[PDB]
Amino acid sequence: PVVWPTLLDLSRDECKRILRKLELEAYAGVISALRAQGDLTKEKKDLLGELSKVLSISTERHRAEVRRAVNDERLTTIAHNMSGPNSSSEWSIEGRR
Amino acid sequence: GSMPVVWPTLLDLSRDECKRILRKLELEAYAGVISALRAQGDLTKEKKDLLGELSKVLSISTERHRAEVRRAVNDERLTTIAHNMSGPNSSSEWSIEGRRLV
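Along each chain, residues carry numbers from 1 upward in sequence order, and these need not match the entry's numbering; residues missing coordinates do not appear. Going through the entries in the order they are written, you letter the chains from A and number the ligands from 1. By convention in this description, side-chain values take in all heavy atoms of the structure and omit both hydrogens and water. Residues with missing side-chain atoms are left out of burial classes, side-chain pairs and their counts.

J.: Looking at this structure, how should I read the UniProt feature "domain: ENT" in chain B?
T.: UniProt annotation of "domain: ENT" refers to residues 18–102 of chain B when read in the numbering used here. Secondary structure elements follow DSSP: runs of H or I of four or more residues count as helices, runs of E of two or more count as strands, with numbering from the N terminus. Each end of residues 18–102 of chain B is marked by a C-alpha atom, and these two atoms are 34 Å apart; helix forms 79% of the span and strand 0%. UniProt positions are given in the numbering used here, feature names are shortened, and annotations may be inferred rather than shown by experiment.

J.: What should I look at first to understand the layout of surface pockets in this one?
T.: Residue and element names in this part refer to chain B. The pocket and cavity definitions rest on a 1 Å grid over protein atoms only: a 1.4 Å probe that fits but cannot leave marks a cavity, an open set with protein on both sides within 12 Å along at least five of seven lines marks a pocket, and residues lining either have an atom within 4 Å of a point. Grid points are joined across faces, edges and corners, and a volume is the space filled by probe spheres set on the points. If you add up the space inside the largest pocket, you get close to 230 Å³. Every residue lining the largest pocket is counted, 13 residues in all, and those nearest its centre are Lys-48, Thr-62, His-65, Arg-66 and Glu-97. Of all elements in the fold, only α2 (45–57) and α3 (62–73) reach the threshold of two or more residues within the lining of the largest pocket. Broken down by element, the residue count for the lining of the largest pocket peaks at 4 residues, all from α2. Its residues assigned to classes, the lining of the largest pocket shows 4 nonpolar, 5 polar and 4 charged. Each residue receives one of three labels: charged for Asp, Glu, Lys and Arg, nonpolar for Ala, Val, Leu, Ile, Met, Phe, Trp, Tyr, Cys and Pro, and polar for the others, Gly being one of them.

J.: What exactly am I supposed to notice about the pattern of salt bridges here?
T.: Here the idea is simple: oppositely charged side chains can pair when their charged atoms come close. Residues and elements named next belong to chain B. By salt bridge we mean one thing: a side-chain nitrogen of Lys or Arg within 4 Å of a carboxyl oxygen of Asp or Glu. Considering all chains together, one arrives at 10 salt bridges over all chains under this definition. Here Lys-45 ties to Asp-49 by a salt bridge, and the two come within 2.6 Å at their closest N and O atoms. Placement of the pair is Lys-45 and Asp-49 together in helix α2, with a separation of 4 residues, close to one helical turn. Three labels apply to residues, based on accessible area from a 1.4 Å probe with only protein chains included: buried if under 20% of the type maximum, exposed if over 50%, partly exposed otherwise in between. Note on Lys-45: relative accessible area 59%, which makes it exposed. The class for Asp-49 is partly exposed, based on a relative accessible area of 36%. Beyond isolated ion pairs, a larger network of salt bridges with shared partners links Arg-64, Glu-68 and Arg-71.

J.: Quick question: what am I supposed to make of the side chain of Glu-97 of chain B here?
T.: Residue and element names in this part refer to chain B. Summarising the element assignment, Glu-97 is placed in helix α5 (residues 92–99). Within the structure, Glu-97 has its side chain in polar contact with the side chain of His-65 (distance 2.7 Å). Other than its neighbours up to four places away in sequence, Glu-97 contacts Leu-43, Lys-48, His-65, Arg-66 and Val-69. Identification of polar contacts relies on pairs of N or O atoms within 3.5 Å, with a donor-acceptor requirement for protein atoms, meaning one able to donate a hydrogen and the other able to accept it, and with residues adjacent in sequence counted only if both atoms are side-chain atoms. In this description, contact between two residues means that some pair of their heavy atoms is separated by no more than 4.5 Å.

J.: Hey, could you run me through helix α1 (residues 15–40) of chain B in this one?
T.: Because the α-helix completes a turn every 3.6 residues, residues three or four places apart line up on one side. Here α1 of chain B is 26 residues long and its end C-alpha atoms lie 38 Å apart, about the 38 Å a rise of 1.5 Å per residue gives. In the segment just after α1 of chain B, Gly-41 of chain B is the residue with positive phi, at about 150°. In a helix, the anticipated span is given by 1.5 Å times the number of residues less one.

J.: Looking at this structure, I do not really get the environment of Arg-38 of chain B. What am I missing?
T.: Residue and element names in this part refer to chain B. Mapped onto the secondary structure, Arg-38 falls in helix α1. Remark: the alpha-carbon pair of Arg-38 and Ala-82, spanning 44 residues in sequence, is separated by 7.0 Å. Excluding its chain neighbours within four sequence positions, the residues that come into contact with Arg-38 are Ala-72, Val-73, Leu-78, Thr-79, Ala-82, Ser-90, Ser-91 and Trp-94. Reaching out from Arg-38, the side chain makes a polar contact with the backbone oxygen of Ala-72 at a distance of 3.1 Å.

J.: Would you explain the packing of helix α2 (residues 42–54) of chain A against α2 of chain B in this entry?
T.: Two numbers describe a pair of packed helices, the interaxial angle and the distance between the axes. The convention used is that axes are lines fitted to C-alpha atoms, helices contributing only their stretch in contact, and that angles between N-to-C directions extend from 0 to 180 degrees. α2 of chain B packs onto α2 of chain A with a crossing angle of 140° between their chain directions and a minimal axis gap of 11 Å. As judged from the angle between their axes, α2 of chain A and α2 of chain B are oblique. In the crossing of α2 of chain A with α2 of chain B, the sense of the turn from one axis to the other is left-handed. Across the interface between the two elements, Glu-43, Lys-44, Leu-47, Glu-50, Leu-51 and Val-54 of chain A from α2 of chain A touch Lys-47, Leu-50, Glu-53, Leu-54 and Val-57 of chain B from α2 of chain B. Taken together, the residues that form the contact of α2 of chain A with α2 of chain B break down as 6 nonpolar, no polar and 5 charged. Should an angle fall under 35 degrees it is taken as roughly parallel, and over 145 as roughly antiparallel, whereas 65 to 115 is taken as roughly perpendicular and any remaining angle as oblique. Whether a crossing is left-handed or right-handed is set by the direction in which the near helix is turned from the far one by less than a right angle, anticlockwise for left-handed and clockwise for right-handed.

J.: Even after reading the chapter, I still don't get unusual backbone geometry, so can you show me in this structure?
T.: Leave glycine aside and you will find that most residues have negative phi; peptide bonds, for their part, are mostly trans. All names here are of chain B. Even without being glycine, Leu-101 reaches a positive phi, approximately 120°. Take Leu-101: it is sitting in the segment after α5. For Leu-101, a relative accessible area of 63% translates into the label exposed.

Written out as structure tokens, the structure reads:
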């Protein structure tokens, strides 16, 4: 006997889409704040690793958010002002793997 | 002489404003993690302890943490997502976390 996608099924799929957008936005927000603080450290790398697991962020999406933040001129300016010119080695290594 | 007679304001720092944007970023970062975790379902010890590591790194006080929890547990949209994702018991542990410690 057949079955098919109901409105509830499509509703649950849409909730998953909304959740995934919230999760990626959350993770990107943490990367942005950490990048603006200065360079990446091992402790922050570890913390990001746990956050990516709990927010279901793939390594591909992680690396792309690291690069986005390293390259964002506003965040780079904040790091320059707050921490000084050394601010992105280590983030850039992480964004390469 | 060595120094410019027409100083290009390009060179100037904006330390006060950057300090404020950094703080805005930190608070927005923590709030967004609370909101996403709340939309997943109820709080777990693993989420609580991870939020504790995040609050250290983002300089978030325990008062601000609990206020974010109370906000998120009561957000109608985040709660609708959690009920659809995780079922009807998606709030009690969050509400405990929002209330205790004073």
